[PDB]
Amino acid sequence: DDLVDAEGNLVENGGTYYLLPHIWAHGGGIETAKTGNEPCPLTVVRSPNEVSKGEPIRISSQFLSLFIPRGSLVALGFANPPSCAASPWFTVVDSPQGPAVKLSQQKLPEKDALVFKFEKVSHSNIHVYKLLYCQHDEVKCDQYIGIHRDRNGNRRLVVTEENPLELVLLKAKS
Ligand code: NI
């Protein structure tokens, strides 16, 4: 069995999807934002706008198959990233708020541009998925990407303990 998008159809490996929440009341899709002294928007964050599908995210399995297997690792990159970013792939860097989800200004190695994994959420007509962060075990997926709203309203994506993200993947019109 593989990952299913928010309409029942199999998630197409490499395709573009909007990562929206289970409950639309929780917010909108995932986009970018300029936090810190970033020269541009390099912080992956959720949209405060309940009607915003957000940026279409590209999901690329670790397998070169047509579909993405259930426990497969996946790279997640913005279809239309910001100019300043070297590559369009989400990545995980350390920070005070813990591991944070950000875009990089210089190229990224495979071991960094391939650290996420989707996990099904049991009882739901529609397939919902939590987002895991897998790290270097000299791989271990046992960290859940969640939200952390910073003092400026930014609902950043950062590994958290409570309230992990629960997403539905809606195919984005190419
Ligand atoms: Ni803060």
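Sub-8 Å Cβ pairs linking a first residue in region 150-173 that is more than 19 Å from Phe90 (Cβ to Cβ) to a second residue that is within 11 Å of the ligand (Cβ to nearest atom) and in a loop (DSSP other than H, G, I, E, B), at least 6 apart or interchain, are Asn152/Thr35, ordered by first then second residue. Summed over region 148-172, residues that are more than 12 Å from the ligand (Cβ to nearest atom), of a type in the set (D, E, K, R) and part of a strand (DSSP E or B) total 1.
Quick one: which of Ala75, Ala79, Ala100, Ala86 is within 16 Å of the ligand (Cβ to nearest atom) and either among the hydrophobic types (A, V, I, L, M, F, W, C) or farther than 18 Å from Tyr18 by Cβ (or both)? Write out each step before concluding.
Values: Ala75 fails: within 16 Å of the ligand (Cβ to nearest atom); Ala79 fails: within 16 Å of the ligand (Cβ to nearest atom); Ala86 fails: within 16 Å of the ligand (Cβ to nearest atom).
Sole residue among the options that is within 16 Å of the ligand (Cβ to nearest atom) and either among the hydrophobic types (A, V, I, L, M, F, W, C) or farther than 18 Å from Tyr18 by Cβ (or both): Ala100.
Yes or no: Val128 within 17 Å of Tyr17 (Cβ to Cβ), β-branched (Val, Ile, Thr) and away from the ligand (no atom under 16 Å from the Cβ)? Yes; evaluated as a whole, the condition is true for this residue.
Note that we place each Cβ from the backbone using ideal geometry, even for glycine, and neighbour counts take in every protein chain shown. Read the figures in this text as sums done on the coordinates, not as results from a lab.
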